[PDB]
Amino acid sequence: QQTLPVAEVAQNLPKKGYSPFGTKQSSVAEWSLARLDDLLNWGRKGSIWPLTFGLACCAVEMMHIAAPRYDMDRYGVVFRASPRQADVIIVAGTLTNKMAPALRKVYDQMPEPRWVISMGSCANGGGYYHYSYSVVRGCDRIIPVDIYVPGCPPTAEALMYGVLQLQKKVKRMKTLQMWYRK
Amino acid sequence: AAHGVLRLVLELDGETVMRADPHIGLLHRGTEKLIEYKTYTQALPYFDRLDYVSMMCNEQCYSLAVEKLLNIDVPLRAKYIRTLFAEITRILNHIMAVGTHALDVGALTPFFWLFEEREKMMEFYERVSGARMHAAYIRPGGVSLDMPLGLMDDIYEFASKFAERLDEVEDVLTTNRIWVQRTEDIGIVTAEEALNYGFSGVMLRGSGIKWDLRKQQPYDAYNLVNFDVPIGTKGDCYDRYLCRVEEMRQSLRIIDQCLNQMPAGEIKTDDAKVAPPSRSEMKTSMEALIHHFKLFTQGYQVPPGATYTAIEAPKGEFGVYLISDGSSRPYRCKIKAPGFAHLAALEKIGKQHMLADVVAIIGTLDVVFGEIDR
Amino acid sequence: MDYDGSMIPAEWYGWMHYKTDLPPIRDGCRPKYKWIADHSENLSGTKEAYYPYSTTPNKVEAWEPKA
Amino acid sequence: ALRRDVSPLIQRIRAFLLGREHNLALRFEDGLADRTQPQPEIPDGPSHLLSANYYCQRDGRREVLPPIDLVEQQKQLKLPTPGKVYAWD
Amino acid sequence: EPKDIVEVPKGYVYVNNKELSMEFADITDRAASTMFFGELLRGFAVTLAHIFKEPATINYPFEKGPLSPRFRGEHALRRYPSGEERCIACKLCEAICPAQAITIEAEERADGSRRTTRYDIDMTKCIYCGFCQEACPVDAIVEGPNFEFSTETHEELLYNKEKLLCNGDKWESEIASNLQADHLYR
Amino acid sequence: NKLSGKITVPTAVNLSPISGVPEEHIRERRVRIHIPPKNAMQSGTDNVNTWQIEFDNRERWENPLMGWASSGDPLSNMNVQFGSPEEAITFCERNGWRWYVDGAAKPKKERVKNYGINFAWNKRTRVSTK
Amino acid sequence: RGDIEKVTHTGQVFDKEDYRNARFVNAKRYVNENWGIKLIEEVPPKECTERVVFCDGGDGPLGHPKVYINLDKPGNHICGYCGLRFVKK
Amino acid sequence: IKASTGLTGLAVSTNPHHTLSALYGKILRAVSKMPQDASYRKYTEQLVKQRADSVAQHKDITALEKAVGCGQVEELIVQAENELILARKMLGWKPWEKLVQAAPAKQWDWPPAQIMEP
Amino acid sequence: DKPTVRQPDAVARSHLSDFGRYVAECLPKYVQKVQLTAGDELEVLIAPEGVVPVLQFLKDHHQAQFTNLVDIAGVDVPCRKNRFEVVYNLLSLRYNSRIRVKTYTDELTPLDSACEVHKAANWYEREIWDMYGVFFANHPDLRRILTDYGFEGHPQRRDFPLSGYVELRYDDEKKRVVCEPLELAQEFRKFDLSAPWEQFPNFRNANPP
Amino acid sequence: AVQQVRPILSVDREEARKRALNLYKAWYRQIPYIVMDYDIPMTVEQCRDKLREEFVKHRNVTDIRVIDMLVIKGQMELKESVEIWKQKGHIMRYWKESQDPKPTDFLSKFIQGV
Ligand code: SF4
Ligand code: SF4
Ligand code: SF4
Ligand SMILES: [Zn+2]
């Protein structure tokens, strides 16, 4: 476990930079590829489009986030209905066996780079129905989950905090910079 | 507009929907079996999950079932708090139904304006119970816990402003021609056909039947509140929508009566063998600790028997048929959610209407999910 | 620009949520014990991340041939 | 000087457009309760009465009986109607 | 007002009994409404107006809240004012936990005290119901107020006693505040 | 020549196929009809008045990750109650299981349990203390 | 790294050749720095006059249930709940 | 005349007395075929005759409504028609006979699964 | 003078009690027993054959006029030779009262259908068929409702493991979701919550054979 | 040991076969459509072969009533495959291709654990 620095330590330290990669690149190609990754991540970070799967009980919070108290399009997030145009999927609610193939199908019909947020306990690990004959214990067993938002349901603040955490993950992803090594 | 759950297998000719087979059961979470394996106290949140749009009304149904089995009564202050939050949930549910319905038809602005005010009400649930939704605040011996001071006043201003908010959307949307023609004369539900299909709630009350559980089989402090339910005479989605709107208004005056007359006193049934003791008494006296110990580990034996109960939940007559074998563990807990019968009738209601009509019909059914399959 | 939701410390958290109306500068009635740690962010996706592990020393002892 | 409001002009047009006298909706600290409050005391109950308070003579769970058989009830011993007729009409 | 169409007794309000008049002023009113969309104009001007209301978006994460002292969030295992663990392994929290998300194994520390060895919570099975803390006889475990505990990996959610103790240390001040607020009231 | 289509069929109708239990469990698992044991350090005996059936333990290992008690055996917790062993055997057959009853106990033989024997002139049974 | 070397107060270190060490190649092994055994040891044993004292450990309803501890024995007497220590002499 | 029945589908019906009278006659004959020792018979006559005797004194439909109670004429005729179907089915059912089946022992006993003293 | 203990509606007990005898003596061949549960509701215990006649009698006759059929609640009770019990909980708006009809059946013999009586029941019979396997005769379409397709066994029975026999996952070899034998991360830990001390004497010898 | 009890559908063992074989007709006739409709690996011959074995799954059913129910299940599953309510996963379920046939001879069991 680590802890935040103290006031004087902050005073010594410089600006934390903007691109999470930093600005230590050696050669022209390195420095150039650093910027292009930064632009790409900036695009994919600023504009992110959930699919609004929202099966149950959790869905109500998935709507309150769209509501005008913790506005989410403020951050550049919009609910596109069509999975071909949706970039992110907030799986929320329980995943019953009847639904499992449906979720799988919806997921891979969506084009990548696709990130999944598992909202609520029901999706995270099956939640409160974990020992049930009809529920997928978690949603990790159908799809690759990216961010877990604990809660039952998570308070709207918690959900969109997780969204920002996804934005941070979208910010630090290294595709061009490290293709250069590939 | 399909609640994320519903899956209608439709067979269409042109654009009209001929055969409409709904496959309820895309959510069913084996909750009857789980309820059996756990204890009455443990089993309580299950009901709050069911019909998740109605938070407290679901719990009140279960708590009344147990109180009828245990042969117990709650003090007046507990009754009034239950009544208060029963109606606050009523306003919550009807906002949810109206807002979802407005999106079904395709109007965004109403949904957003109301979901502003939904935030204030949820904050109130958060103030009392500590959870946005899914409180556990209603329990068999009365409410779990007392109310924080000043929550009365905050409720007053919220009720004060709600007339303005509701009227803004009401004037915007009730009269609007598109909405009127989009909903009116959709899925006529005749009186006799309504009864024989097992309807209830504002659906029934809209079709013309003067029935209601609050006025006829009163179960809570409603004995001490005067008010009138709304009724329609056209059986349309439109006049049904109007009935919901007037219900919001009528509930508001119900909060007026109750919040004005709230008496002091205890907040829990006096039987420490039924409801848990307070912590202060627990940490000092002995059998308070034993009762704290045994209630939380084993629960309380409920005398053997079967009992049914129903409540005027916003969707309709939500009911729980509970059978106790005498142990501390419920033997069988069947749950009758109004959306069940309300949706079965769709296969007949939706005959020959246009596709857009079908979606709007699903909205006016207001079949929230979880309560249908579980 | 790496602001985060968890940067708020404990003593200020309540005030920041309208959870306590008493600024920490004003109410010194809160505990001032020693063991209290210092704040930390949601250390996730990094080498500093927590990861769970068994907290019970092993159950059954194996017979040792040497002894 | 009390609540952040748009400038008086826009207020007047806003009232005009709505057609009803407008009252503010955002919640201010002044508007809502004293947000830190004194400690509440919950008054003691009527069964916490200190004497003549036997559990045996006030308990319900030990009071309930099994279901009775009505025919056999009669064997121990205005067309009847389930209840007051309701004009559900 | 036009007369009704069905006579109503009390305890009810018919929402359509009002008659649509056939008086010439009444028909021409409706006709003019349709010919020039007066009703749409009313709704149109409403939304124009309602631009001039200030939006209620909290500038999260800078601005944020509000919650209440009872909010049920991150779990934490508290410690006495001396620093000693409050939990005594009475195991009620597990016995009540509706989701069965708690697992406990306790023994005697060398001092001879009744204390836990493993104390585990799965916040992918917990429902944040708070039955655990309402049951614990020494306030050992509490639904701390943190709610931004979001993880990229599922394994990171299964807390053990070490993680739970750390949260208790981290959040002790705030939890102390709430309990002082609610103990006499809960 | 009928009573609403009544038919004559044997009383013992095996229902294994219709049941839905996998044949693996049916063919590798037994049932242990018995009466639940009386707890040693209790004295009330109104939870051992019923005849109970359950299935033999299969296995339990520990999850490598977190050291839980993993178990990939479904009928481990399964437990049902009956009023009399013959009822249970009837049920157990109808569901096509293998079982073997476990005779509970013979009727308790009356014990005199007199108070006076505590104080006797000749018999050894004089109590040493009170 | 020391994180995967420390002895949890419960008394666990992954053996030096144990594959369950692998899980920490990229994540820290949290181990708490306050060990209740050491702390309560530091707290001195309070003393009284009366044969029988009472502890709640904490304060009011913020501690453990009130418990009465007799001190007639020569040695210390440890509170069952909080581990506080008493000595009458 | 009342404008509406207050219910969808349930339309205002004229000549209610004629319809009610005709319905009462048929049901009386329908029970006429029944055996003379059937409780269903014994009561239906007195109930129906009470209704069919109240039908006359109140020419006004509203007056008749108050006198008969039990709801408005529009539904009331439907009540009568239902019972017509009941009698025709009742004659076909022969429910006045004695018990078809005796419940097995311990069928309707609650709680279940408890040993007993013989 | 016991505010904790509620006091039922006595006059309601009066009406339901006399009415219950009315039903018993009007349907002798079917009504096996009529009892008044202490919760003021009225139960009507019939033999399996009279299901429709009782329901048809109730919905139609003046004095019953029990039109709405709230639900078909299914109960399972092993140790009853024909165990599967059914409950038809009805309402009467005309008189503002509730009534319950109950019947039994085994896992094999079929059962009468209420589809021809109340259109409301149609889905319920489908639900019990899915959840217990109680066949219904003359039911129009007995398709399963809740359980997923190709589900074997009826889970609400009490001889069925809580977690079921199989569970699903996703295959990459096959780009598809496959059902597998059960495998639980943490076996569901029951708790044996049995009372050693009889807490209820009144039900002890009452209701004996 | 006989009981005088209600029927379900079939009154005699031959009517039972008549119903049972009717189902076999629908399933045999359906197979080609499912091969087309459901994009799954299985081919007509294999589907036909499985249909044979899956009736052989219970050859020694004896009671008239039990065999009636087995047919009732089949008529249901027929319709669920006839119409395409099912999914490619659901239909393939009959093969159980996720798990390798577990060891059966004593040593393989012994060497691979209980
Ligand atoms: S995790 Fe909680 S909020 Fe989400 S669906 Fe499950 S019960 Fe509802
Ligand atoms: S209830 Fe409290 S003291 Fe008891 S085991 Fe749980 S955390 Fe420890
Ligand atoms: S909050 Fe509820 S579900 Fe979560 S650990 Fe506590 S008791 Fe269990
Ligand atoms: Zn102490």
# chains A, B, ... in the order shown; residues from 1 in each chain; ligands from 1
call {"tool": "select_by_dssp", "arguments": {"residues": "chain E", "states": "strand (DSSP E or B)", "output": "number ranges by chain"}}
result
E: 12-14, 75-77, 79, 85, 102-108, 114-122, 141-143, 151, 158-159
call {"tool": "write_last_selection", "arguments": {"atoms": "N, CA and C atoms", "output": "short mmCIF file (atom, residue, chain, number, x, y, z; two decimals), in the first residue's frame"}}
result
data_model
loop_
_atom_site.label_atom_id
_atom_site.label_comp_id
_atom_site.auth_asym_id
_atom_site.auth_seq_id
_atom_site.Cartn_x
_atom_site.Cartn_y
_atom_site.Cartn_z
N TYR E 12 -63.78 9.64 -4.96
CA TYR E 12 -63.39 9.37 -6.33
C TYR E 12 -63.33 10.68 -7.08
N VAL E 13 -62.61 10.66 -8.20
CA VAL E 13 -62.54 11.79 -9.12
C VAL E 13 -62.44 11.21 -10.52
N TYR E 14 -63.49 11.36 -11.31
CA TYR E 14 -63.43 10.97 -12.71
C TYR E 14 -62.64 12.01 -13.49
N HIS E 75 -16.45 -1.35 3.27
CA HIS E 75 -16.41 -2.00 4.56
C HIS E 75 -15.11 -1.68 5.28
N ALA E 76 -15.15 -1.72 6.61
CA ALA E 76 -13.97 -1.42 7.40
C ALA E 76 -14.07 -2.12 8.74
N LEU E 77 -12.94 -2.64 9.22
CA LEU E 77 -12.85 -3.28 10.52
C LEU E 77 -12.19 -2.30 11.48
N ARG E 79 -10.92 -0.37 15.12
CA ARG E 79 -10.02 -0.69 16.22
C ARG E 79 -10.37 0.17 17.42
N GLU E 85 -7.81 -4.59 17.87
CA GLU E 85 -8.90 -5.00 17.00
C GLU E 85 -10.19 -5.11 17.79
N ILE E 102 -19.49 -13.34 3.79
CA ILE E 102 -18.51 -13.24 4.86
C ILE E 102 -18.06 -14.64 5.23
N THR E 103 -16.76 -14.80 5.41
CA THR E 103 -16.19 -16.04 5.88
C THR E 103 -15.24 -15.71 7.01
N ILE E 104 -15.31 -16.48 8.09
CA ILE E 104 -14.53 -16.20 9.29
C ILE E 104 -13.95 -17.49 9.83
N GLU E 105 -12.72 -17.40 10.33
CA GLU E 105 -12.06 -18.50 11.02
C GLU E 105 -11.28 -17.88 12.16
N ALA E 106 -11.61 -18.25 13.39
CA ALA E 106 -11.03 -17.62 14.55
C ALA E 106 -10.37 -18.65 15.44
N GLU E 107 -9.37 -18.20 16.18
CA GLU E 107 -8.65 -19.03 17.12
C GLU E 107 -8.22 -18.14 18.28
N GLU E 108 -7.31 -18.65 19.10
CA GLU E 108 -6.76 -17.91 20.22
C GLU E 108 -5.41 -17.36 19.82
N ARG E 114 -9.79 -14.20 22.17
CA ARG E 114 -10.65 -14.71 21.11
C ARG E 114 -10.59 -13.73 19.95
N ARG E 115 -9.93 -14.11 18.86
CA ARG E 115 -9.72 -13.20 17.75
C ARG E 115 -9.71 -13.98 16.45
N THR E 116 -9.95 -13.26 15.37
CA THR E 116 -10.02 -13.86 14.05
C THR E 116 -8.63 -14.16 13.52
N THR E 117 -8.55 -15.18 12.67
CA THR E 117 -7.39 -15.40 11.82
C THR E 117 -7.65 -14.92 10.40
N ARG E 118 -8.69 -15.45 9.77
CA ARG E 118 -9.14 -15.01 8.46
C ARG E 118 -10.49 -14.34 8.61
N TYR E 119 -10.65 -13.20 7.96
CA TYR E 119 -11.93 -12.50 7.93
C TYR E 119 -12.07 -11.92 6.53
N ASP E 120 -12.99 -12.48 5.77
CA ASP E 120 -13.06 -12.24 4.34
C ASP E 120 -14.43 -11.69 3.97
N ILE E 121 -14.45 -10.71 3.09
CA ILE E 121 -15.69 -10.23 2.50
C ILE E 121 -15.50 -10.19 1.00
N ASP E 122 -16.54 -10.58 0.28
CA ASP E 122 -16.57 -10.56 -1.18
C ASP E 122 -17.56 -9.48 -1.59
N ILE E 141 -17.28 -4.18 12.61
CA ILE E 141 -17.31 -3.98 11.17
C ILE E 141 -18.40 -2.98 10.84
N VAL E 142 -18.11 -2.09 9.91
CA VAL E 142 -19.00 -1.00 9.58
C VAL E 142 -18.96 -0.73 8.09
N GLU E 143 -20.07 -0.23 7.56
CA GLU E 143 -20.15 0.18 6.16
C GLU E 143 -19.57 1.58 6.06
N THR E 151 -12.30 -1.27 -9.28
CA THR E 151 -11.11 -2.04 -9.58
C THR E 151 -11.17 -2.56 -11.00
N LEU E 158 -12.09 -9.12 -3.67
CA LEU E 158 -12.26 -10.02 -2.53
C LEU E 158 -11.36 -9.56 -1.40
N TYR E 159 -11.91 -8.81 -0.46
CA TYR E 159 -11.10 -8.29 0.62
C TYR E 159 -10.85 -9.38 1.65
#
call {"tool": "residues_near_ligand", "arguments": {"ligand": "ligand 4", "cutoff": "10 Å", "atoms": "only C-alpha atoms and all ligand atoms", "output": "PyMOL selection string"}}
result
(chain E and resi 80) or (chain G and resi 54-59+63-69+78-86)
call {"tool": "residues_around", "arguments": {"residues": "region 72-80 of chain H", "least_positions_apart": "5", "cutoff": "12 Å", "atoms": "only C-alpha atoms", "output": "MDAnalysis selection string"}}
result
(chainID B and resid 191:192 209) or (chainID D and resid 86:89) or (chainID H and resid 2 4:28 44 47:48 51:52 55 60:67 85:87) or (chainID I and resid 59:67 94)
call {"tool": "residues_near_ligand", "arguments": {"ligand": "ligand 3", "cutoff": "6 Å", "atoms": "only C-alpha atoms and all ligand atoms", "output": "tab-separated table (two decimals) with N, CA, C and O atoms, in the first residue's frame"}}
result
chain	number	residue	atom	x	y	z
E	97	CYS	N	-25.47	-12.41	7.41
E	97	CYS	CA	-25.16	-11.84	6.10
E	97	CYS	C	-26.04	-12.46	5.02
E	97	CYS	O	-25.83	-13.62	4.66
E	98	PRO	N	-27.02	-11.73	4.49
E	98	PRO	CA	-27.94	-12.35	3.53
E	98	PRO	C	-27.25	-12.97	2.34
E	98	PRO	O	-27.66	-14.04	1.89
E	99	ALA	N	-26.20	-12.35	1.83
E	99	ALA	CA	-25.52	-12.91	0.67
E	99	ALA	C	-24.51	-13.98	1.03
E	99	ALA	O	-23.92	-14.57	0.12
E	101	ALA	N	-21.62	-13.47	2.11
E	101	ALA	CA	-20.39	-12.95	1.56
E	101	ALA	C	-19.26	-12.91	2.56
E	101	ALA	O	-18.16	-12.48	2.21
E	102	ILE	N	-19.49	-13.34	3.79
E	102	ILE	CA	-18.51	-13.24	4.86
E	102	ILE	C	-18.06	-14.64	5.23
E	102	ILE	O	-18.88	-15.56	5.35
E	126	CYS	N	-21.47	-9.22	-1.61
E	126	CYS	CA	-22.13	-8.32	-0.67
E	126	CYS	C	-23.14	-7.44	-1.37
E	126	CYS	O	-22.93	-7.01	-2.50
E	127	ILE	N	-24.25	-7.18	-0.68
E	127	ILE	CA	-25.29	-6.29	-1.17
E	127	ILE	C	-25.30	-4.96	-0.44
E	127	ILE	O	-26.19	-4.15	-0.67
E	128	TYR	N	-24.32	-4.71	0.42
E	128	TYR	CA	-24.22	-3.42	1.07
E	128	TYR	C	-25.53	-3.12	1.77
E	128	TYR	O	-26.04	-2.00	1.74
E	129	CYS	N	-26.10	-4.16	2.36
E	129	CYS	CA	-27.35	-4.05	3.09
E	129	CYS	C	-27.15	-3.52	4.49
E	129	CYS	O	-28.06	-2.89	5.04
E	130	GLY	N	-25.98	-3.74	5.07
E	130	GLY	CA	-25.72	-3.26	6.40
E	130	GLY	C	-26.25	-4.14	7.50
E	130	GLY	O	-26.23	-3.72	8.66
E	131	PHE	N	-26.76	-5.32	7.19
E	131	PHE	CA	-27.16	-6.22	8.26
E	131	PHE	C	-25.97	-6.62	9.10
E	131	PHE	O	-26.12	-6.86	10.30
E	132	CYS	N	-24.78	-6.70	8.51
E	132	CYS	CA	-23.61	-7.08	9.30
E	132	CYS	C	-23.36	-6.09	10.42
E	132	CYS	O	-23.22	-6.48	11.58
call {"tool": "closest_residue", "arguments": {"among": "A:40, A:122, A:160, A:116", "to": "chain C", "atoms": "only C-alpha atoms"}}
result
A:160
call {"tool": "atom_distance", "arguments": {"atom1": "CA of residue 179 (chain A)", "atom2": "CA of residue 39 (chain A)"}}
result
15.7 Å
call {"tool": "residues_near_ligand", "arguments": {"ligand": "ligand 2", "cutoff": "7 Å", "atoms": "only C-alpha atoms and all ligand atoms", "output": "list in words"}}
result
residues 86, 87, 88, 89, 90, 91, 92, 93, 94, 132, 135, 136, 137, 138, 139, 140 and 141 of chain E
call {"tool": "residues_around", "arguments": {"residues": "residue 16 (chain E)", "least_positions_apart": "6", "cutoff": "12 Å", "atoms": "only C-alpha atoms", "output": "ChimeraX atom specification"}}
result
/B:206-208,230-236,238-243,246 /E:2-8 /H:6
call {"tool": "residues_near_ligand", "arguments": {"ligand": "ligand 1", "cutoff": "7 Å", "atoms": "only C-alpha atoms and all ligand atoms", "output": "PyMOL selection string"}}
result
(chain A and resi 56-58+92-94+120-123+127-128+151-153) or (chain B and resi 49) or (chain E and resi 127)
call {"tool": "residues_around", "arguments": {"residues": "region 58-64 of chain F", "least_positions_apart": "4", "cutoff": "8 Å", "atoms": "only C-alpha atoms", "output": "list in words"}}
result
residues 68, 69, 70, 71, 72, 73 and 76 of chain F; 185 and 186 of chain I; 114 of chain J
call {"tool": "residues_around", "arguments": {"residues": "residue 46 (chain C)", "least_positions_apart": "4", "cutoff": "10 Å", "atoms": "only C-alpha atoms", "output": "ChimeraX atom specification"}}
result
/C:42,50 /E:152 /G:26-28
call {"tool": "interface_residues", "arguments": {"of": "chain G", "to": "chain F", "cutoff": "12 Å", "atoms": "only C-alpha atoms", "output": "mmCIF file with C-alpha atoms, in the first residue's frame"}}
result
data_model
loop_
_atom_site.group_PDB
_atom_site.id
_atom_site.type_symbol
_atom_site.label_atom_id
_atom_site.label_comp_id
_atom_site.auth_asym_id
_atom_site.auth_seq_id
_atom_site.Cartn_x
_atom_site.Cartn_y
_atom_site.Cartn_z
ATOM 1 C CA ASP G 18 5.584 -22.000 -3.371
ATOM 2 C CA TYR G 19 3.726 -21.191 -6.576
ATOM 3 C CA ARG G 20 1.190 -19.043 -4.723
ATOM 4 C CA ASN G 21 3.993 -16.504 -4.436
ATOM 5 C CA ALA G 22 3.443 -15.857 -8.139
ATOM 6 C CA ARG G 23 0.304 -13.795 -7.603
ATOM 7 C CA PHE G 24 2.408 -10.920 -6.215
#
call {"tool": "residues_around", "arguments": {"residues": "region 69-73 of chain D", "least_positions_apart": "6", "cutoff": "7 Å", "atoms": "only C-alpha atoms", "output": "JSON, numbers by chain"}}
result
{"I": [17, 21, 34, 35, 36]}
call {"tool": "closest_residue", "arguments": {"among": "I:108, I:182, I:75, I:166", "to": "chain J", "atoms": "only C-alpha atoms"}}
result
I:108
call {"tool": "closest_residue", "arguments": {"among": "B:56, B:341, B:360, B:288", "to": "residue 199 (chain B)", "atoms": "only C-alpha atoms"}}
result
B:341
call {"tool": "interface_residues", "arguments": {"of": "chain G", "to": "chain A", "cutoff": "9 Å", "atoms": "only C-alpha atoms", "output": "ChimeraX atom specification"}}
result
/G:28-31
call {"tool": "interface_residues", "arguments": {"of": "chain A", "to": "chain E", "cutoff": "10 Å", "atoms": "only C-alpha atoms", "output": "JSON, numbers by chain"}}
result
{"A": [1, 3, 67, 68, 69, 70, 71, 72, 74, 75, 117, 118, 119, 120, 121, 122, 123, 124, 125, 126, 127, 128, 129, 130, 131, 137, 138, 140, 145, 146, 147, 148, 149, 150, 151, 152, 153, 154, 155, 156, 157, 158, 159, 160, 161, 162, 163, 164, 165, 166, 169]}
call {"tool": "closest_atom_pairs", "arguments": {"of": "chain I", "to": "chain B", "cutoff": "9 Å", "atoms": "only C-alpha atoms", "output": "CSV"}}
result
residue,atom,partner,partner_atom,distance
I:3,CA,B:73,CA,6.9
I:4,CA,B:73,CA,4.9
I:5,CA,B:72,CA,4.7
I:6,CA,B:73,CA,5.2
I:7,CA,B:71,CA,8.4
I:37,CA,B:305,CA,7.9
I:38,CA,B:305,CA,8.6
I:39,CA,B:307,CA,6.6
I:41,CA,B:307,CA,7.5
I:67,CA,B:196,CA,6.4
I:68,CA,B:198,CA,5.1
I:69,CA,B:198,CA,5.9
I:70,CA,B:198,CA,6.2
I:71,CA,B:336,CA,6.7
I:73,CA,B:334,CA,6.2
I:74,CA,B:334,CA,7.8
I:75,CA,B:332,CA,7.0
I:76,CA,B:332,CA,8.5
I:89,CA,B:308,CA,8.5
I:93,CA,B:211,CA,7.4
I:96,CA,B:216,CA,7.1
I:97,CA,B:217,CA,8.7
I:117,CA,B:196,CA,8.6
I:118,CA,B:196,CA,5.5
I:119,CA,B:197,CA,5.2
I:120,CA,B:197,CA,3.8
I:121,CA,B:197,CA,7.6
I:122,CA,B:344,CA,8.1
I:123,CA,B:344,CA,6.6
I:124,CA,B:341,CA,8.8
I:145,CA,B:25,CA,6.1
I:146,CA,B:25,CA,4.0
I:147,CA,B:25,CA,6.5
I:148,CA,B:25,CA,7.5
I:155,CA,B:33,CA,7.9
I:156,CA,B:33,CA,6.2
I:157,CA,B:33,CA,8.7
I:158,CA,B:33,CA,8.6
I:162,CA,B:33,CA,6.9
I:190,CA,B:37,CA,8.4
I:193,CA,B:298,CA,5.8
I:194,CA,B:327,CA,7.3
I:195,CA,B:327,CA,7.3
I:199,CA,B:301,CA,7.3
I:200,CA,B:303,CA,7.1
I:203,CA,B:304,CA,7.9
call {"tool": "closest_atom_pairs", "arguments": {"of": "chain D", "to": "chain E", "cutoff": "6 Å", "atoms": "only C-alpha atoms", "output": "tab-separated table"}}
result
residue	atom	partner	partner_atom	distance
D:14	CA	E:49	CA	4.8
D:17	CA	E:49	CA	5.4
D:18	CA	E:46	CA	5.2
call {"tool": "decode", "arguments": {"residues": "region 59-80 of chain J", "atoms": "C-alpha atoms", "output": "PDB file, in the first residue's frame"}}
result
ATOM      1  CA  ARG J  59     -35.691 -48.038 -23.785  1.00  0.00           C
ATOM      2  CA  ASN J  60     -36.813 -49.852 -20.630  1.00  0.00           C
ATOM      3  CA  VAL J  61     -39.431 -47.310 -19.663  1.00  0.00           C
ATOM      4  CA  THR J  62     -42.461 -49.397 -18.722  1.00  0.00           C
ATOM      5  CA  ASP J  63     -45.290 -47.361 -17.202  1.00  0.00           C
ATOM      6  CA  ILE J  64     -47.811 -46.041 -19.700  1.00  0.00           C
ATOM      7  CA  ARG J  65     -47.930 -42.775 -17.805  1.00  0.00           C
ATOM      8  CA  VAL J  66     -44.165 -42.240 -17.696  1.00  0.00           C
ATOM      9  CA  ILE J  67     -43.795 -42.831 -21.421  1.00  0.00           C
ATOM     10  CA  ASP J  68     -46.640 -40.368 -21.986  1.00  0.00           C
ATOM     11  CA  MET J  69     -44.721 -37.619 -20.208  1.00  0.00           C
ATOM     12  CA  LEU J  70     -41.500 -38.355 -22.078  1.00  0.00           C
ATOM     13  CA  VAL J  71     -43.501 -37.758 -25.241  1.00  0.00           C
ATOM     14  CA  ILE J  72     -44.964 -34.581 -23.751  1.00  0.00           C
ATOM     15  CA  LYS J  73     -41.437 -33.314 -23.216  1.00  0.00           C
ATOM     16  CA  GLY J  74     -40.514 -34.241 -26.775  1.00  0.00           C
ATOM     17  CA  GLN J  75     -43.484 -32.500 -28.363  1.00  0.00           C
ATOM     18  CA  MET J  76     -42.416 -29.388 -26.481  1.00  0.00           C
ATOM     19  CA  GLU J  77     -38.770 -29.581 -27.517  1.00  0.00           C
ATOM     20  CA  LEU J  78     -39.899 -30.317 -31.052  1.00  0.00           C
ATOM     21  CA  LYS J  79     -41.840 -27.058 -31.198  1.00  0.00           C
ATOM     22  CA  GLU J  80     -38.980 -25.118 -29.629  1.00  0.00           C
TER      23      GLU J  80
END
